[PDB]
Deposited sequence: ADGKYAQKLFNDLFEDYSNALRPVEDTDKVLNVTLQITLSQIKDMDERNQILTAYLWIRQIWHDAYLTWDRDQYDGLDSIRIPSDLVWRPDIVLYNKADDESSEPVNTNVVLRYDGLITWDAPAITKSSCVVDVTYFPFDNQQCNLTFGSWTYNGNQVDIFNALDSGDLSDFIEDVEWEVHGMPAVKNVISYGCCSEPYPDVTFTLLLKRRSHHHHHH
């Protein structure tokens, strides 16, 4: 019980740096599976071609230093932790049209080192009009996510699902969501550069019929 949750926490973080990429061997990669949930479309700005969206970003990865033997902690297999206590993969929206308050979040850390991190985000990003495809009143909005600092040999990002999660979407008045397919892009510069991955969600909006 709570008795042991304190013991485990103390034992886990007695020698733990949230600035060190949590791999045993430094040339091992750290894999991250990313999932985007579209909560709602806050504002689709046609004049400035900017989409403002509410999203939930779910990130999953393994921390090689945050493991424990369950039988040594009264069978405790999971604990909630403020996300800022653990190393975090540093993934941001690349196509931020926004020029610029941070929010406290909690991860769930499992006995085998698996960390799940749900965190909300309010993104602003450019869109391109499409008038060629039916119904010829379309907005294509790309959300591209990737690491701010790490290359793909250090942190590699993978899509959790074929597309964003639209099961909890709030219908917009003027815009219908036609899909949110996701893809992964890995970019290498010149002959020999190390890989640079990102995952891109393509929000396809068609103007609502009324």
For this session: Enumerate the deposited-sequence segments absent from the coordinates, judged by C-alpha atoms, in order of position.
Result: 1, 102-103, 214-218
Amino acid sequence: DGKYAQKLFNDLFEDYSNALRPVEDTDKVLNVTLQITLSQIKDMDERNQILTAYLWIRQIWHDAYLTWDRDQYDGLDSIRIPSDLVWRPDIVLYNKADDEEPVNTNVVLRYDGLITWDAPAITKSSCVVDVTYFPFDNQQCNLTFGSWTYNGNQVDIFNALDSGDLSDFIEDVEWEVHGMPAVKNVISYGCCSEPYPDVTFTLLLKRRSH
From here on, numbers count along this sequence of modelled residues.
Seminar exercise, completed: Taking the deposited Cα B-factors and averaging over 140-148 and over 64-72, the higher mean is found in 64-72
Problem set entry | 25-33 versus 40-48 - greater average Cα B-factor per the deposited record | 40-48
Problem set entry | Among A121, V86, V103, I91 - the residue whose C-alpha B-factor is largest in the record | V103
Exercise. Which third of the chain does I170 land in by C-alpha B-factor: lowest, middle or highest?
Worked result: highest
Exercise. Relative to the other modelled residues in the chain, which third contains the C-alpha temperature factor of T116: lowest, middle or highest?
Worked result: lowest
For this session: Would you check the entry's CA temperature factor for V186 and let me know if it's in the chain's lowest, middle or highest third?
Result: lowest
Problem set entry | Entry-reported Cα temperature factor of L20, expressed as the chain third it lands in | middle
Exercise. Which third, lowest, middle or highest, does the CA B-factor of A97 fall in along this chain?
Worked result: highest
